[PDB]
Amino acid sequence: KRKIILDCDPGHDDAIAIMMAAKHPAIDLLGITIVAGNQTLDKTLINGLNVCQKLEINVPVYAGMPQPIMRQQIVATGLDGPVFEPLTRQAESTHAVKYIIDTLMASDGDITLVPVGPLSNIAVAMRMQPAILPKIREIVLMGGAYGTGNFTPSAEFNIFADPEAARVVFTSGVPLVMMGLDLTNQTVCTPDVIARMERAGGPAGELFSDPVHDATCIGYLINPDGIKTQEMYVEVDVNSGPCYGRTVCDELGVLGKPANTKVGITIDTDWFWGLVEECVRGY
């Protein structure tokens, strides 16, 4: 069992990630922290609460940063589709940043952080209490692209949305795994993938019905052998201009700097969609 904290901005694929992480026996989901991203924090928080309520997930939810550490905010209800009953659960009182710090400090150094939105909560905690750093076993994140980005030619949305936060994470010295668009764009969810999930049915199959980037991070923790990675020296570009929020990945090793990231190259989509169905079934 891998103990995780899932930090997220739901979010359609965030919702799938919550669904998988909460259900698989190889994941111990300690709690969910919410960050503004896909939509404003008031909205992402409600989406996150709704997902857990609908699926009857019993995991503490904590609200975190409603804004990036420095830049002017950008966004993508941020989860249109499924229909939700009136909301009967709320955020914990504790702020997400504090939760992350205290839980890591109290821990034995075996918790993995899994950020799949902009990195505001992670950067604030790291700088607020630098002593958490050797406590983090690993960070498996959804973000970046070694090739073309999405929001801009240069940048993937999660990094573009808080580049300065991303810079802190990438220079933290903690073990990093990056599932970027080069990998996650391979996990396109076509009508017959949806139909397959509908057929499995139950509350998770119906929610899935109403690409799937963030779920690959859970995938990777459940079984790293479905995903090929390559170690690289990665640097985050924080220049204003055409490459703001680019993750510059040194594929060929021409800078002669030691690798700081395992970067996602390819994913076995058969293994992966099998894993999604396996989780949909647990519900």
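The numbering used is simple: start at 1 and walk along the sequence shown.
In the deposited entry, the stretch joining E92 to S93 is continuous, with no residue of the deposited sequence left without coordinates. The gap between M128 and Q129 holds no unmodelled residues of the deposited sequence. For the pair 109-117 and 158-166, the mean Cα B-factor is higher in 109-117. Averaged over CA atoms, B-factors in the entry run higher in 216-224 than in the other of 242-250 and 216-224. Per the deposited coordinates, the residue with the largest Cα temperature factor out of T103, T152, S172, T88 is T88.
Of the candidates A200, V177, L181, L133, it is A200 whose Cα B-factor is highest according to the PDB record. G274: CA B factor in the highest third of modelled residues in this chain (values from the PDB entry).
Per the deposited record, the Cα B-factor of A259 falls in the middle third when ranked against the other modelled residues of its chain. In the deposited entry, the Cα temperature factor of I4 places it in the middle third of its chain's modelled residues. Sorting the modelled residues of the chain by their CA temperature factor places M20 in the middle third. Split the chain's modelled residues into thirds by C-alpha temperature factor. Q53 is in the highest one.
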